[PDB]
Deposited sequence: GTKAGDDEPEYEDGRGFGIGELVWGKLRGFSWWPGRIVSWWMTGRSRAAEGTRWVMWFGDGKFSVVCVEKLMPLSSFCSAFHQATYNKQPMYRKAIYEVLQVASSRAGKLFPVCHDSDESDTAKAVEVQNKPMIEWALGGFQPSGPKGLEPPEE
């Protein structure tokens, strides 16, 4: 599965872009997790954080989580509680992988967002990879 040389393999935390919606946090899953069928070449199944919906997304509309500064939209964050939830979730998962520890969603998000914005120090983007 996904051996087409386009990257974004299973378990990778990503930003995904559908028409009519902001870049949204998700993770790449296998097709059998979706309760659907195989994705076409050059596309991936992503499970969105926030509500856990599944979508087929072309790799051209995917960015790694590390592209946080380009994808993160402050206006969306302010107005959409599910976006704050999605940010919370993807960064909880990311920080667990990187071994980045932090000392209700809006509160806990701030150090995690700062971490993301600062280049995911000390691990960098490498710490965000599936174990």
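Residues of the deposited sequence that lack C-alpha coordinates fall in the stretches 1-9, 113-124, 153-154.
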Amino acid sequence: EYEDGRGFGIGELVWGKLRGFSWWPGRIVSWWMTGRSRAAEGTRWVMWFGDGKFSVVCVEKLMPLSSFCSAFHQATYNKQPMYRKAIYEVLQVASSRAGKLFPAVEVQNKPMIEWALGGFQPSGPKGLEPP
From here on, numbers count along this sequence of modelled residues.
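Mean CA B-factor, 91-99 versus 67-75: the higher value falls on 67-75.
As the entry records it, the average C-alpha temperature factor is higher for 35-43, out of 35-43 and 48-56. Taking the deposited Cα B-factors for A86, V105, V29, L62, the highest one is held by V105. In this PDB entry, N109 carries a Cα temperature factor that places it within the highest third of its chain's modelled residues.
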